[PDB]
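Participant: Just passing along the structure, written as structure tokens.
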Amino acid sequence: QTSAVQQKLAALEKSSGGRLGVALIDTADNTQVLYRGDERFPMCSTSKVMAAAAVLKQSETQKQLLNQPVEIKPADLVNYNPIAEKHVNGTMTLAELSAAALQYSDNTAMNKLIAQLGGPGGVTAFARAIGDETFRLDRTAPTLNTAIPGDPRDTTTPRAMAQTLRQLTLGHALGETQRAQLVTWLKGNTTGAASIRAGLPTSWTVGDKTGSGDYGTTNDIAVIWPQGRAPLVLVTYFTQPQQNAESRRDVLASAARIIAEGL
Ligand SMILES: [K+]
Ligand SMILES: [Ru+3]
């Protein structure tokens with residue numbers, strides 16, 4: 001079948017010139033709306049949620065872990081380091097690195113999370129441990145954002161990512177304390193107002209993580225507390241044919257608007 005919402009999402013996609021992937025979980029009824037839900041997309045920095053959550057899981061058996069100093073060296077800086085560059089030749093804790101990675105999309109911070117997990121494969125191992133058989137992290141930042149069409153590296157499907165983000169933020173993949181910390185971090189994101197947020201009514205609350213990369217790749221994954229409604233989890237992933245394509249955060253906003261109007 002093609003549902004009315006799917007038909008609208010297809011029309012949006014047709015007019016964007018790229019490829020759109022959407023997955024909604026409505027926790028009012030534990031149902032799912034999917035558009036290219038089983039196709040792979042490059043995650044770009046949306047993968048930082050999985051890395052931060054894996055460190056939060058480690059902290060369940062190490063109560064001081066998030067206060068653990070990590071040295072930041074000049075060689076650690078990469079292409080986008082708004083927080084970490086201030087701490088070169090000093091230290092940041094794993095809490096600080098998690099907050100920087102999630103709320104500012106600091107790539108040096110993400111790389112410290114990855115290193116704490118033993119490399120990209122450690123992030124994938126955490127995904128598997130929480131029931132996500134689809135996610136894969138293969139590279140550090142920034143090369144995880146190359147977003148080359150057809151490349152399986154650093155990809156997931158909308159279905160899998162929605163289901164993971166539910167489990168992490170609303171379910172029991174993390175302990176109580178850790179889940180609340182993750183939600184606090186996502187709600188404090190600085191980078192999201194033009195993406196899913198921009199398609200929703202003002203009164204709805206959002207916590208999200210954006211991503212972008214080559215091929216005009218423009219992504220957002222969110223938990224949403226609508227006015228008067230049980231929470232939603234929404235993944236919107238968008239990528240384009242030309243390497244140098246311009247971000248399209250408006251397409252994500254439009255997808256979110258269609259989903260909101262279809263509840
Ligand atoms: K880009
Ligand atoms: Ru159907």
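Labels for the structure tokens follow display order: chains A, B, ..., residues from 1 in each chain, ligands from 1.
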Determine, counting only C-alpha atoms, which protein, DNA and RNA residues have an atom within 12 Å of an atom of residue 25 in chain A; residues of the same chain fewer than 6 positions away are not included. Present the result as number ranges by chain.

Facilitator: A: 31-34, 37, 158-167, 170, 221-224, 230-235, 259-260, 263

Participant: Could you dump the residues just selected with C-alpha atoms as a CSV table (one decimal), in the first residue's frame?

Facilitator:
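See selection.csv below for the written result:
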```csv
chain,number,residue,atom,x,y,z
A,31,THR,CA,2.6,2.4,15.5
A,32,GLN,CA,5.0,3.4,12.7
A,33,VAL,CA,4.8,5.5,9.6
A,34,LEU,CA,7.7,4.8,7.1
A,37,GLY,CA,12.1,3.0,5.9
A,158,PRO,CA,15.1,5.1,9.2
A,159,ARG,CA,13.2,2.2,10.7
A,160,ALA,CA,16.2,1.0,12.7
A,161,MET,CA,17.2,4.4,13.9
A,162,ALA,CA,13.6,5.3,15.1
A,163,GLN,CA,13.4,2.2,17.0
A,164,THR,CA,16.8,2.8,18.7
A,165,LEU,CA,16.1,6.4,19.5
A,166,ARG,CA,12.8,5.2,21.2
A,167,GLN,CA,14.6,2.6,23.2
A,170,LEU,CA,11.6,6.6,26.1
A,221,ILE,CA,16.5,12.5,14.5
A,222,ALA,CA,14.2,13.7,17.2
A,223,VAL,CA,12.1,13.0,20.2
A,224,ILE,CA,9.0,15.1,20.2
A,230,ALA,CA,2.1,11.1,23.8
A,231,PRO,CA,5.7,11.4,22.5
A,232,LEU,CA,6.8,10.7,19.0
A,233,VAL,CA,10.2,9.6,17.6
A,234,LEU,CA,10.9,10.9,14.2
A,235,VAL,CA,13.8,10.3,11.8
A,259,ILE,CA,3.9,13.8,9.7
A,260,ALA,CA,2.4,16.2,12.2
A,263,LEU,CA,-1.4,12.1,13.2
```

Participant: Among range 58-228 of chain A, which ones does DSSP place in alpha helix (DSSP H), written as a PyMOL selection string?

Facilitator: chain A and resi 58-59+94-104+107-116+120-129+158-169+176-187

Participant: Distance limit 8 Å, reference ligand 1, atoms considered: only C-alpha atoms and all ligand atoms. Which residues make the cut? Give them as a list in words.

Facilitator: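 Sorted by chain and then by number, the residues are residues 212, 213, 214, 215, 216, 217, 218, 243, 244, 245, 246 and 247 of chain A.
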
Participant: Could you name the residues that touch residue 69 in chain A at 6 Å or less, counting only C-alpha atoms, but leaving out those on the same chain fewer than 6 positions away, as a PDB file with C-alpha atoms, in the first residue's frame?

Facilitator:
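For reference, result_25.pdb as written:
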```
ATOM      1  CA  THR A  91      41.147  18.302  29.616  1.00  0.00           C
ATOM      2  CA  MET A  92      37.482  17.693  29.166  1.00  0.00           C
ATOM      3  CA  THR A  93      35.390  15.110  31.010  1.00  0.00           C
TER       4      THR A  93
END
```

Participant: Closest to residue 50 in chain A among A:197, A:187, A:209, A:153, using only C-alpha atoms?

Facilitator: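 Under the stated criterion, the closest residue is A:209.
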
Participant: What does the list of residues within 7 Å of ligand 2 look like if you count only C-alpha atoms and all ligand atoms, written as a ChimeraX atom specification?

Facilitator: /A:1-3

Participant: Do a neighbour search on residue 90 in chain A at 6 Å with only C-alpha atoms, toss out local chain neighbours closer than 3 positions, and write the hits as a VMD selection string.

Facilitator: chain A and resid 71 to 72 87

Participant: Write out the residues from the selection above, keeping N, CA, C and O atoms, as a tab-separated table (two decimals), in the first residue's frame.

Facilitator:
```tsv
chain	number	residue	atom	x	y	z
A	71	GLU	N	42.47	14.11	27.87
A	71	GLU	CA	43.36	15.16	27.36
A	71	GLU	C	42.97	15.49	25.92
A	71	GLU	O	42.64	14.66	25.07
A	72	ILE	N	42.94	16.78	25.67
A	72	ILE	CA	42.72	17.32	24.34
A	72	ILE	C	44.04	17.90	23.84
A	72	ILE	O	44.60	18.81	24.47
A	87	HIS	N	39.92	23.91	24.77
A	87	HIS	CA	40.49	23.04	25.78
A	87	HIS	C	41.74	22.35	25.32
A	87	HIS	O	42.21	21.44	26.01
```

Participant: Find the residue from A:121, A:108, A:178, A:220 that sits nearest to residue 239 in chain A; use only C-alpha atoms when measuring.

Facilitator: A:220

Participant: Please identify all polymer residues within 12 Å of residue 78 in chain A, counting only C-alpha atoms, omitting same-chain residues fewer than 3 positions from it, and present them as a VMD selection string.

Facilitator: chain A and resid 72 to 75 81 to 85 88 106 to 112 140 to 143

Participant: Give me a file of those residues, with C-alpha atoms, as a PDB file, in the first residue's frame.

Facilitator:
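File again07.pdb, as written:
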```pdb
ATOM      1  CA  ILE A  72      42.722  17.324  24.337  1.00  0.00           C
ATOM      2  CA  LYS A  73      45.852  17.794  22.229  1.00  0.00           C
ATOM      3  CA  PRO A  74      46.383  20.179  19.294  1.00  0.00           C
ATOM      4  CA  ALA A  75      46.524  17.162  16.948  1.00  0.00           C
ATOM      5  CA  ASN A  81      35.562  21.870  17.100  1.00  0.00           C
ATOM      6  CA  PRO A  82      33.786  24.765  18.673  1.00  0.00           C
ATOM      7  CA  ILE A  83      34.049  23.417  22.192  1.00  0.00           C
ATOM      8  CA  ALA A  84      37.181  21.304  22.114  1.00  0.00           C
ATOM      9  CA  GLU A  85      39.388  24.022  20.580  1.00  0.00           C
ATOM     10  CA  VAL A  88      43.543  22.176  23.742  1.00  0.00           C
ATOM     11  CA  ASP A 106      31.730  19.006  18.032  1.00  0.00           C
ATOM     12  CA  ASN A 107      33.662  16.448  15.970  1.00  0.00           C
ATOM     13  CA  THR A 108      36.689  16.298  18.263  1.00  0.00           C
ATOM     14  CA  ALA A 109      34.303  15.467  21.075  1.00  0.00           C
ATOM     15  CA  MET A 110      32.693  12.704  19.009  1.00  0.00           C
ATOM     16  CA  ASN A 111      36.133  11.257  18.287  1.00  0.00           C
ATOM     17  CA  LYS A 112      36.888  11.094  22.024  1.00  0.00           C
ATOM     18  CA  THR A 140      35.717   8.629  12.858  1.00  0.00           C
ATOM     19  CA  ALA A 141      34.735  12.242  12.247  1.00  0.00           C
ATOM     20  CA  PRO A 142      34.801  13.956   9.838  1.00  0.00           C
ATOM     21  CA  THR A 143      35.132  11.138   7.298  1.00  0.00           C
TER      22      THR A 143
END
```
